[PDB]
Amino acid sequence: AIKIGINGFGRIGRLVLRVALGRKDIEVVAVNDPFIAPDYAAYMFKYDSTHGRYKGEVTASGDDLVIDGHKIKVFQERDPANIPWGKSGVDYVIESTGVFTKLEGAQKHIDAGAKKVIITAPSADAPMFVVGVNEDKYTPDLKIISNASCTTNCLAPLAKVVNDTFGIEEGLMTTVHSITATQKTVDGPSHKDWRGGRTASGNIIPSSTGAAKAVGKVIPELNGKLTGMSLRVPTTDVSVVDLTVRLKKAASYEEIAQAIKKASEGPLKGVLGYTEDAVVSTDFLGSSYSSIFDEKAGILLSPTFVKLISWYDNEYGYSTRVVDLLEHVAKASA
């Protein structure tokens, strides 16, 4: 029994719960969010503007969120050191607040009695993992780890296949990315990111991202070879990586597509998907892939210079990978 708690009952926290409730080996013991009371947590979990109503019975009773008859404790602590993880029997904490992304903050959960923490974001200092790429490098002494970003989980599996087969010499990427909770409904204050304060649903908004650099951390051979940027656009979920790369070995576009298709059918099955259909972003709502290569959308300019397109449900694909990483950690430590 993988006994877990969730800190930060937001987009990622609530969807990680949806995914986790479908895994036989996982018991979600408790969640913590100081802004969400038990009855409110039942409301937020049951109804979802992006991914539909939860197919199951959702209520609250006292301090319990009750889903299909399973009782989940709801705590409301601003300070993770005050969450009763150990007294509740929680061994793994999903750290999905966006607030405790460094080792020093995430360690508070272990102080509070958990054993291990998975940060659902890039971490400035916790080791980072992408399932399908380097989760095999996880060892049980690592108590606090990061599942990287949603963009890194799209880019890294694709870059892995391309680099393995043809070699990546250099690459620049853009993610055309759905809006998120950090943005504003109308022009408002965002002192740390002026563009990000502008009306989210009315603008294309250039943004920064460390996701391309981060690929060189989970694929050390690509260290320093990739960088990138983001354009936030008025869709509510699903994002797309636009990867422009110089290759070491010359290829045709068909050969590149065939290498990606082969990986998607074998070692990257369930992580890297493949399509030749006339897909659009809504076609990936609820997709569990980290990366779906759009074969028809990309374009080759030279035998060593190509643009590759790959989709990802930044909320739900990533949330699935959180749970996958959790189960790999529990299996590797058993």
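One rule holds for the numbers: they count along the sequence shown, beginning at 1.
Between the stretches 187-195 and 121-129, it is 187-195 that shows the larger average CA temperature factor. Mean CA B-factor, 232-240 versus 67-75: the higher value falls on 67-75.
Among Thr50, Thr282, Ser61, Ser290, the highest C-alpha B-factor recorded in the PDB entry belongs to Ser61. Of the candidates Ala278, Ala37, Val306, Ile309, it is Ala37 whose Cα B-factor is highest according to the PDB record. When all modelled residues of the chain are sorted by CA temperature factor, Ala81 is found within the highest third.
In the deposited entry, the Cα temperature factor of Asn153 sits in the bottom third of values across the chain's modelled residues. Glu95 sits in the lowest third of its chain by CA B factor, as recorded in the PDB entry.
Per the deposited record, the Cα B-factor of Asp324 falls in the middle third when ranked against the other modelled residues of its chain. Sort the modelled residues of the chain by CA B factor and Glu27 lands in the highest third.
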